[PDB]
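Coordinates in review
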Amino acid sequence: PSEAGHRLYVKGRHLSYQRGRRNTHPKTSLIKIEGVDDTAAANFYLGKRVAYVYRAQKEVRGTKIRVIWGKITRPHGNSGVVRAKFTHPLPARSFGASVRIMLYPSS
Amino acid sequence: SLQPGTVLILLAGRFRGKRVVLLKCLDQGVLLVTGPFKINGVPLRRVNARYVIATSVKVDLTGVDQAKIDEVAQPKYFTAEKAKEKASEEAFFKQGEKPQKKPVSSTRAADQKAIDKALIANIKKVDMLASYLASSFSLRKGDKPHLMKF
Amino acid sequence: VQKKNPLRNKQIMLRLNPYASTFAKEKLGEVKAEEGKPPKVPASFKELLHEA
Amino acid sequence: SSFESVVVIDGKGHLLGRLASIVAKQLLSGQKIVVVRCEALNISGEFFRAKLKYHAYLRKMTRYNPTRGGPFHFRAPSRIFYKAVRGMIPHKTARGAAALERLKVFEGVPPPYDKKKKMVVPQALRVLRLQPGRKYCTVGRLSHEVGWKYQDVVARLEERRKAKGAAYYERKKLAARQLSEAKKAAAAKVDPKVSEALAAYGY
Amino acid sequence: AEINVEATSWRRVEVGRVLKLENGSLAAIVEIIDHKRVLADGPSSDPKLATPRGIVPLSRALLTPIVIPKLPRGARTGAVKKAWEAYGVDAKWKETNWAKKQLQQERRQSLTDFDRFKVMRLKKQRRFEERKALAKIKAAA
Amino acid sequence: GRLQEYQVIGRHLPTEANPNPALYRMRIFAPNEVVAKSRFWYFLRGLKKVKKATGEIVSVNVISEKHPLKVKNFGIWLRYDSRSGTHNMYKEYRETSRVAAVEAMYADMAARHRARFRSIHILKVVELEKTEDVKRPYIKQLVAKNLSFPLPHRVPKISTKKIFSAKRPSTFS
RNA sequence: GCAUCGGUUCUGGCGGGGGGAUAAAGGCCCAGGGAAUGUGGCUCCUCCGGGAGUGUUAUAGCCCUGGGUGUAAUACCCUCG
RNA sequence: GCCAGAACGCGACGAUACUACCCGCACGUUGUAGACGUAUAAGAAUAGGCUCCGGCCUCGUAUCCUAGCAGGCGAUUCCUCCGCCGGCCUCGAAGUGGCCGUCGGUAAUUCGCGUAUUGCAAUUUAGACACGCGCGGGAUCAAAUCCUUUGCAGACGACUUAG
Ligand SMILES: [K+]
Ligand SMILES: [K+]
Ligand SMILES: [K+]
Ligand SMILES: [K+]
Ligand SMILES: [K+]
Ligand SMILES: [K+]
Ligand SMILES: [Mg+2]
Ligand SMILES: [Mg+2]
Ligand SMILES: [Mg+2]
Ligand SMILES: [Mg+2]
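Residues numbered from 1 in each chain as written, not as in the entry; some residues may be left out. Chains lettered and ligands numbered in written order. Part of a larger assembly, values for the part shown. Heavy atoms only, no water.

Method of determination, as given in the entry header: cryo-EM; reported resolution: 2.38 Å.

We apply this condition: UniProt positions are given in the numbering used here, feature names are shortened, and annotations may be inferred rather than shown by experiment.
Chain F is annotated in the PDB entry as 60S ribosomal protein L20 of Thermochaetoides thermophila DSM 1495. Within the Protein Data Bank, this record goes by the title "High resolution structure of the thermophilic 60S ribosomal subunit of Chaetomium thermophilum". Checking UniProt for chain F, the heading Sequence similarities (unreviewed entry) contains the comment "Belongs to the eukaryotic ribosomal protein eL20 family."

Looking at the PDB entry, one finds chain A named 60S ribosomal protein l33-like protein, with Thermochaetoides thermophila DSM 1495 as its source organism. Looking at chain A in UniProt, the text filed under Sequence similarities (unreviewed entry) is "Belongs to the eukaryotic ribosomal protein eL33 family."

Here it is as structure tokens:
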């Protein structure tokens, strides 16, 4: 019975902040989206919502899981990387962790 | 692409992943849809057009009266009894025990059958369409939403 | 209290230049050239061009 | 691009430096890598030039005490490859240390990683990068001549595992021959119209 | 005297060879410029297979197995078009495996969500018959 | 699309002792007309006693190739400066236009003799009408009869973003 | 969270107008002139696939010079939405 | 060959009291540089190869799997696919796979009942390893240091011995 999964988002990875060679700006992050490899493909995802979910120690209001919400703003480079802004900047220990790219604001 | 009779994919909420049928467009981005309730268990309810993907399949609406849809689309159809139906949950369970289902009102139960009677008949005339509306949508590997036709 | 840009806001353009509406309506930016069969280069302009 | 649980790379025929830079970037992104057959890697240029390079490396050592601080010269083919990767990573940071924890390197193909799929990095393949007529060497030969002791043990073990693979390949060929026969017998049996609908869809 | 040689056998660039370009178009070689560039044109009636007259870099082309016989060197568009249709280049190109692969790829990319559901169900019905036949032959060993 | 050939006609300013001065014409290869005129005064300063402050430009026109679809052989005469002394050369090219021939020449001189654009004078560009006028052996092999050749060891074109292939690529395309 | 607007900015697509050899080419048609990395024929050498002569369109074709369709199309530069 | 032996490198073996050990079950008072279909085993050449021997190769742009209350309860219907156990073989590079049997589940076809109210979105609290706790069953009854002593040893510790 129903040997299928339940996935409605696209996978992504947190790479780093916006930076120069020796200066870094945490207010913006760079995200790699799986499967997109050029600027034209990345134009589809402008404006979507991004979620970063993780675990904590204690329960607050019925759970031990927390979220930080954000959105995609503009492309980056020539190879499909994009920029994003979150409500709070990401913790920077998560360089290499995974995020969820929604489809909420559609067409 | 939002015209009555088109098949929609729901992206969020309780019924995420379900395929429903669009009936009418409301004022400020809201939509009116139905399952139908006897095919996938989704009743008449409102959704926001942002959280929806519109496919390229249309179903016929020759049998629906188009006259009862209008009072379903009235402003206070879904509210104006919510403030009293929500007292049941607090009256027990969270304070006492033994939860029980909230009853469905007679008018909302009756309106569901009236609208969906002719709609199901039209659906049955296209093969595999009934089963398609019964199942749910999900992403496998190698699926790229920026290339998928829908 | 706030400067607004004509070429983006049409109401501001009409405030400063009342002839703007007529210019658009009569399509003064798409006027065609006068009729007439044109002559050809006089066979020595071409000789000098490829001379060397 | 694709996200995997682990990628296993067959090291035969890859250029040492180019494979090293691609592997380093994957680790910093958050991908786990395993490299096998490190003795079959390649280096461009004649062998004599590679030997002179290592000898210059060997001459460097701490003067006042050779047991601390000094460059420690590892000889195995997998440790030569590991050194190249570590130079392209900020290994003195906590982030850099975590990245190196996602890599494994081996000589030969140890039993965990046979019976498994081995990929290839075409941006670093020798037959696709080097102009025909130029010269190259193998890391396995360089390691043998600077003090690596287990060249023949690995050579004998590799022969055994290839002999087992020949038996496995024999069974795999039989299965394909039967499956093709089953599809032929079942095709003209039943499907009156499913065949044409699938053909129109491209399947 | 017995001689047994096993080596490669490539397709040659020559006057009359038909090339395939990046965007599925076709062209015929009329003149050789260098070891890297060629003058070519394709006068085809099908708008998806026709290309203008010009120079093509060989790094962006593939050699098809079709060669027009006795195409004069440096022939103009009128002469090429006559020889193109007399030989039947369009019909010959449709029978190659390269064309069929392209057609199959086009069909799969044009599938809608409803089509994807139906192709899954149709494959299962064919798969059911496959498993029954495979079990029978394997049981008989 | 880097260079075009222009026609430039110039004149000394008319004076009372010489109304109606003589007219001079030159053919200039340049990326645009702003540097076409600057190049004109440079060459005329070296031949006649005229300047830009004592003259004027009469006409500028673009010369287009008459048959940019026919394969031709060209010959070029030039004069250039090395790190010590100046020399004359004669080279040959095979393409479909005069502009294409000059662009190939500029790249060729930079590669083989390290000569910059600022140290080259073009003397003459001539299309060789007869196949007997070909002198350089690297052109003669291209005008041979019944030419044909294969292309061995061709590397297939693979997208950069696709790392981790699952098969060994071939080179027999 | 959504809808309708204001300020700034990044990025896609579509409809017209003008210029130059009133683009240069090019297809089709008319008239004249040439040759070779010489098509068909004719001759000789090998039957062992072919090669070598001869000469100007034939059973392929190519290059120059004028003219018509033609105020043809397209590229490039500028410009109104 | 010869000297040292990583005090955060590894292997084999002996005896293991204190519920320290083994098995089964049920929980979370917990941790993890970061599950969400975490699915894919020939070797070799690249100026050559694969094969069912008919043919085939730019291209993983592939193949497998994928519907049902986060996936119910019945029927029609089918002999496919999956899993826990047990028995035989097999596996040594850092030890794995195959065959058989019982049992449990199972849309390839076609239906009948149930789904609402989470109120127009808010992580889809779902995986795998570790650790802790509580039961119910089994198995087991050990050593080291101080102390006295030796001089093949020694600044003191340590070391070779005996009780
Ligand atoms: K139902
Ligand atoms: K715009
Ligand atoms: K014009
Ligand atoms: K014409
Ligand atoms: K002849
Ligand atoms: K059901
Ligand atoms: Mg705005
Ligand atoms: Mg004209
Ligand atoms: Mg025109
Ligand atoms: Mg030790």
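Once the structure has been displayed, the description carries forward.
1. Details of the protein's contact with RNA strand G
Using the following cut-off: The nearness test applies per residue and asks whether one of its heavy atoms lies within 4 Å of the molecule or strand. Within 3.5 Å is the distance limit for a polar contact, defined as a pair of N or O atoms, with the added protein rule that one can donate a hydrogen and the other accept it, and that residues adjacent in sequence qualify only through two side-chain atoms. Segments assigned H or I by DSSP are reported as helices when at least four residues long, segments assigned E as strands when at least two residues long, and all are numbered from the N terminus. Charged residues are taken to be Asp, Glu, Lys and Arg, nonpolar residues to be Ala, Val, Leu, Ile, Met, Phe, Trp, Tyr, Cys and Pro, and polar residues to be all remaining types, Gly included.
Taken together, 41 residues surround RNA strand G, and among them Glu30(C), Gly36(C), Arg76(E), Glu65(F) and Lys145(F) come closest. Taking all atoms of RNA strand G within 4 Å of the protein, the share assigned to sugar and phosphate is 72%. Between a sugar or linking oxygen of RNA strand G and a main-chain N or O atom of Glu65(F), the distance comes to 2.9 Å. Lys70(F) is positioned such that a nitrogen or oxygen atom in its side chain is 3.0 Å from a phosphate oxygen of RNA strand G. Where the surface near RNA strand G is concerned, the elements lending two or more residues are helix 3 (45–49) of chain C, helix 1 (77–87) of chain E together with strand 3 (55–63) of chain F. Counted by class, the surface near RNA strand G contains 12 nonpolar, 14 polar and 15 charged residues.

2. Re the protein's contact with RNA strand H
Lining the immediate environment of RNA strand H, one finds 109 residues, of which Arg14(B), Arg45(B), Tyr169(D), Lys172(D) and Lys124(E) sit closest. Considering the 4 Å shell around the protein, atoms of RNA strand H inside it are sugar or phosphate in 47% of instances. The separation between a base nitrogen of RNA strand H and a polar side-chain atom of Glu85(B) is 2.9 Å. In the environment of RNA strand H, a phosphate oxygen lies 3.4 Å from a nitrogen or oxygen atom belonging to the side chain of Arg177(D). Listing elements by their share of the surface near RNA strand H, those giving two or more residues are strand 4 (65–76) and strand 6 (98–101) of chain A, helix 1 (37–40), strand 4 (45–48) and helix 3 (82–85) of chain B, helix 7 (151–187) of chain D together with helix 3 (97–109) and helix 4 (113–140) of chain E. Broken down by element, the residue count for the surface near RNA strand H peaks at 12 residues, all from helix 7 of chain D. In the surface near RNA strand H, the residues fall into 36 nonpolar, 25 polar and 48 charged.

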